[PDB]
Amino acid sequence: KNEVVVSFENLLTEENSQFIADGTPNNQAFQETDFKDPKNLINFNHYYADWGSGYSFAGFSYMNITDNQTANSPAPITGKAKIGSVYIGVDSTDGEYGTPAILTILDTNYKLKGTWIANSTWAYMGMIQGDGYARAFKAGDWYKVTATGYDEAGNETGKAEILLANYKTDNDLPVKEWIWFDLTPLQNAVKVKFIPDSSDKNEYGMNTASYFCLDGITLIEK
(Lines of atoms letter the chains of each structure in order from A and count residues from 1; the text may use other names and numbers.)
(Lines give C-alpha, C1' and ligand atoms only; values in the text may rest on other atoms or scores of the structure.)
Protein backbone atom coordinates (compact mmCIF):
# COMPACT_ATOMS: atom_id res chain seq x y z
CA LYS A 1 0.00 0.00 0.00
CA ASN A 2 1.62 3.23 -1.39
CA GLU A 3 2.21 6.16 1.04
CA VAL A 4 2.30 9.87 0.26
CA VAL A 5 3.41 12.70 2.56
CA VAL A 6 1.34 15.89 2.14
CA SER A 7 3.59 18.93 1.50
CA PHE A 8 3.08 22.71 1.60
CA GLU A 9 6.72 23.38 0.63
CA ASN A 10 7.34 25.87 -2.24
CA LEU A 11 4.16 27.84 -1.34
CA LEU A 12 5.64 30.39 1.10
CA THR A 13 8.18 32.77 -0.52
CA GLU A 14 9.18 34.70 2.66
CA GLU A 15 10.52 33.72 6.10
CA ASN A 16 8.20 33.99 9.15
CA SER A 17 5.05 33.80 6.96
CA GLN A 18 1.73 31.87 6.97
CA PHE A 19 -1.35 31.20 4.83
CA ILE A 20 -3.37 34.39 4.29
CA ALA A 21 -7.03 34.14 3.23
CA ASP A 22 -8.35 35.90 0.08
CA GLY A 23 -11.05 37.71 2.11
CA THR A 24 -10.87 40.76 4.36
CA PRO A 25 -10.19 39.96 8.08
CA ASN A 26 -12.40 41.86 10.54
CA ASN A 27 -12.69 42.28 14.36
CA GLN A 28 -16.33 41.08 14.53
CA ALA A 29 -16.13 37.38 13.83
CA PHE A 30 -13.99 34.67 12.31
CA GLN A 31 -14.64 34.02 8.62
CA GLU A 32 -13.99 30.56 7.20
CA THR A 33 -12.15 29.55 4.05
CA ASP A 34 -10.24 26.47 2.85
CA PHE A 35 -6.98 25.51 1.21
CA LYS A 36 -5.83 22.29 -0.32
CA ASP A 37 -2.27 20.96 -0.77
CA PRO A 38 -0.62 21.29 -4.28
CA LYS A 39 -1.36 17.55 -5.03
CA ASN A 40 -5.14 18.02 -4.27
CA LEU A 41 -5.07 15.28 -1.62
CA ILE A 42 -6.60 17.05 1.39
CA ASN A 43 -8.84 20.09 2.00
CA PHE A 44 -8.04 22.03 5.26
CA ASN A 45 -10.53 24.51 6.71
CA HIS A 46 -9.18 27.91 7.86
CA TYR A 47 -10.70 30.60 10.08
CA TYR A 48 -9.43 34.17 10.09
CA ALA A 49 -9.91 37.56 11.73
CA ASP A 50 -7.94 40.58 12.94
CA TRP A 51 -9.00 41.60 16.45
CA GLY A 52 -6.65 44.64 16.30
CA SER A 53 -3.24 42.93 16.87
CA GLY A 54 -2.83 41.48 13.30
CA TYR A 55 -3.94 38.37 11.35
CA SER A 56 -5.46 35.78 13.74
CA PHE A 57 -6.24 32.22 12.50
CA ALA A 58 -8.16 29.16 13.77
CA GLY A 59 -8.65 25.77 12.11
CA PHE A 60 -5.52 24.96 10.06
CA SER A 61 -2.73 27.18 8.61
CA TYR A 62 0.46 26.33 6.77
CA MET A 63 3.45 28.38 7.96
CA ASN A 64 7.26 28.44 8.33
CA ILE A 65 7.34 30.60 11.57
CA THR A 66 10.36 29.52 13.74
CA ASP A 67 9.79 31.85 16.80
CA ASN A 68 9.73 29.45 19.82
CA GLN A 69 10.43 32.32 22.32
CA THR A 70 7.39 34.67 22.10
CA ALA A 71 4.83 33.52 24.71
CA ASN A 72 1.87 33.53 22.23
CA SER A 73 3.69 32.01 19.18
CA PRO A 74 1.84 29.32 17.09
CA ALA A 75 5.28 27.90 16.05
CA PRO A 76 6.24 24.41 17.42
CA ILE A 77 8.27 24.55 20.66
CA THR A 78 11.05 22.76 18.60
CA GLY A 79 11.41 26.03 16.66
CA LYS A 80 11.48 24.06 13.38
CA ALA A 81 9.41 21.81 11.04
CA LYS A 82 9.81 18.01 11.21
CA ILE A 83 10.37 17.88 7.37
CA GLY A 84 11.59 20.85 5.32
CA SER A 85 10.63 24.33 6.57
CA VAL A 86 6.79 24.32 6.34
CA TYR A 87 4.44 22.76 8.94
CA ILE A 88 0.75 23.20 9.84
CA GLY A 89 -0.34 25.43 12.75
CA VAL A 90 -3.64 24.36 14.35
CA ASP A 91 -5.99 26.40 16.60
CA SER A 92 -9.00 24.21 17.25
CA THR A 93 -11.97 24.45 19.66
CA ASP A 94 -15.35 22.64 19.74
CA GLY A 95 -18.75 23.68 21.21
CA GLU A 96 -21.06 26.71 20.40
CA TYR A 97 -18.57 29.45 19.18
CA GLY A 98 -16.09 26.66 18.37
CA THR A 99 -13.65 26.83 15.45
CA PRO A 100 -12.82 23.13 14.92
CA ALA A 101 -9.99 22.04 12.61
CA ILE A 102 -11.62 19.47 10.27
CA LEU A 103 -9.70 18.25 7.22
CA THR A 104 -11.40 16.38 4.32
CA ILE A 105 -9.48 13.80 2.25
CA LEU A 106 -10.21 14.72 -1.43
CA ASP A 107 -8.34 11.79 -3.04
CA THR A 108 -10.51 9.18 -1.32
CA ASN A 109 -8.31 6.25 -2.45
CA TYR A 110 -6.28 7.29 0.63
CA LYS A 111 -6.84 7.18 4.37
CA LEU A 112 -4.65 8.93 6.94
CA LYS A 113 -1.77 6.78 8.20
CA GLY A 114 -0.83 9.45 10.73
CA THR A 115 1.04 12.67 11.36
CA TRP A 116 3.90 14.15 13.37
CA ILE A 117 2.56 16.38 16.15
CA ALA A 118 4.14 18.91 18.51
CA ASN A 119 3.15 21.48 21.13
CA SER A 120 2.78 25.09 20.01
CA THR A 121 5.15 27.52 21.81
CA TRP A 122 2.02 29.26 23.25
CA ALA A 123 0.66 26.02 24.84
CA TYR A 124 4.18 24.94 25.99
CA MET A 125 4.85 28.37 27.68
CA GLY A 126 1.45 28.22 29.42
CA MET A 127 2.29 24.77 30.86
CA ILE A 128 5.83 25.55 32.04
CA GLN A 129 5.15 29.04 33.57
CA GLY A 130 1.51 30.10 32.95
CA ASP A 131 0.29 32.97 30.70
CA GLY A 132 -2.26 34.76 32.95
CA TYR A 133 -5.31 32.84 31.65
CA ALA A 134 -3.39 29.51 31.77
CA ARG A 135 -1.68 28.26 34.92
CA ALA A 136 1.61 26.35 35.11
CA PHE A 137 1.29 22.56 35.07
CA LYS A 138 2.00 20.37 38.15
CA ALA A 139 1.64 16.62 39.06
CA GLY A 140 -1.58 15.27 37.49
CA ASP A 141 -1.78 17.80 34.62
CA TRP A 142 -1.99 16.74 30.95
CA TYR A 143 -2.48 18.07 27.40
CA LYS A 144 -4.21 15.95 24.76
CA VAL A 145 -5.15 16.01 21.09
CA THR A 146 -8.10 13.83 20.01
CA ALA A 147 -8.65 12.97 16.34
CA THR A 148 -12.20 11.93 15.33
CA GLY A 149 -12.79 10.37 11.92
CA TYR A 150 -16.01 10.59 9.83
CA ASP A 151 -17.30 9.19 6.55
CA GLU A 152 -18.55 11.44 3.64
CA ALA A 153 -22.02 11.68 5.28
CA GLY A 154 -20.52 12.76 8.65
CA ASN A 155 -20.97 9.42 10.49
CA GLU A 156 -18.19 8.76 12.97
CA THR A 157 -15.70 6.02 11.87
CA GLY A 158 -13.25 5.95 14.82
CA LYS A 159 -11.24 8.02 17.31
CA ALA A 160 -7.56 8.31 18.35
CA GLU A 161 -5.77 10.26 21.10
CA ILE A 162 -2.27 11.38 22.02
CA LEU A 163 -0.83 13.22 25.01
CA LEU A 164 1.46 16.24 24.44
CA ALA A 165 2.03 16.50 28.27
CA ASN A 166 1.57 14.12 31.18
CA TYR A 167 2.97 15.37 34.51
CA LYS A 168 3.49 12.48 36.92
CA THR A 169 5.50 14.82 39.21
CA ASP A 170 5.78 18.67 39.57
CA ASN A 171 9.21 18.24 37.89
CA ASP A 172 7.95 16.83 34.54
CA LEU A 173 7.82 18.81 31.28
CA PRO A 174 5.53 18.83 28.18
CA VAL A 175 6.68 16.96 25.05
CA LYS A 176 9.41 19.17 23.46
CA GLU A 177 9.82 17.08 20.23
CA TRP A 178 7.74 16.07 17.18
CA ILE A 179 6.06 12.73 18.01
CA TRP A 180 4.18 10.28 15.75
CA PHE A 181 0.37 10.25 16.04
CA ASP A 182 -1.00 6.99 14.55
CA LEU A 183 -4.32 7.82 12.78
CA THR A 184 -5.03 4.33 11.27
CA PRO A 185 -7.49 3.65 14.27
CA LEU A 186 -9.87 6.20 12.58
CA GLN A 187 -10.55 3.38 10.05
CA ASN A 188 -11.59 4.63 6.55
CA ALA A 189 -12.26 8.23 7.71
CA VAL A 190 -12.69 10.86 4.94
CA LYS A 191 -13.06 13.75 7.42
CA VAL A 192 -10.79 14.20 10.44
CA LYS A 193 -11.40 16.64 13.30
CA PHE A 194 -8.48 17.49 15.67
CA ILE A 195 -9.52 18.76 19.11
CA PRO A 196 -7.02 19.74 21.88
CA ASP A 197 -7.85 19.47 25.62
CA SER A 198 -6.04 20.26 28.87
CA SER A 199 -6.47 19.45 32.56
CA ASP A 200 -6.25 23.28 33.00
CA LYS A 201 -9.84 24.01 31.96
CA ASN A 202 -13.19 25.24 33.32
CA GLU A 203 -16.93 25.47 32.17
CA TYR A 204 -15.97 27.91 29.32
CA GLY A 205 -13.29 25.56 27.91
CA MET A 206 -9.52 25.06 28.20
CA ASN A 207 -7.17 27.73 29.69
CA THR A 208 -3.93 26.40 28.06
CA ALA A 209 -3.63 27.62 24.42
CA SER A 210 -5.76 25.50 22.00
CA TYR A 211 -2.77 25.73 19.55
CA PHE A 212 -0.61 22.79 18.39
CA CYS A 213 1.31 21.76 15.28
CA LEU A 214 1.27 19.04 12.62
CA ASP A 215 3.83 18.02 10.02
CA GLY A 216 4.52 15.09 7.67
CA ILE A 217 0.77 14.33 7.33
CA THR A 218 0.88 10.86 5.74
CA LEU A 219 -1.72 9.14 3.59
CA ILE A 220 -1.79 5.41 2.89
CA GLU A 221 -3.85 3.72 0.10
CA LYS A 222 -6.96 1.82 1.37
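Numbers for residues come from their place in the sequence shown, where the first is 1.
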Could you settle it for me: does 92 to 100 or 108 to 116 have the higher average Cα B factor in the PDB entry? 92 to 100
Tell me which of 145 to 153 and 79 to 87 has the higher mean C-alpha B-factor in the deposited entry. 79 to 87
Whose CA atom has the top B-factor in the entry, of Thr184, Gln69, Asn166, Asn43? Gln69
Note to self: of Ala29, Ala160, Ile179, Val192, the C-alpha temperature factor tops out at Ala29
So where's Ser61 on the chain's Cα temperature factor ranking, which third? lowest
Compare the C-alpha B factor of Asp37 with those of the other modelled residues in its chain, then answer lowest, middle or highest third. middle
Quick one: classify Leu214 as lowest, middle or highest third of the chain based on its Cα B-factor. lowest
When the modelled residues of the chain are sorted by Cα temperature factor, does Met127 land in the lowest, middle or highest third? lowest
Taking the chain's C-alpha temperature factors as the reference, tell me which third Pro196 falls into: lowest, middle or highest. lowest
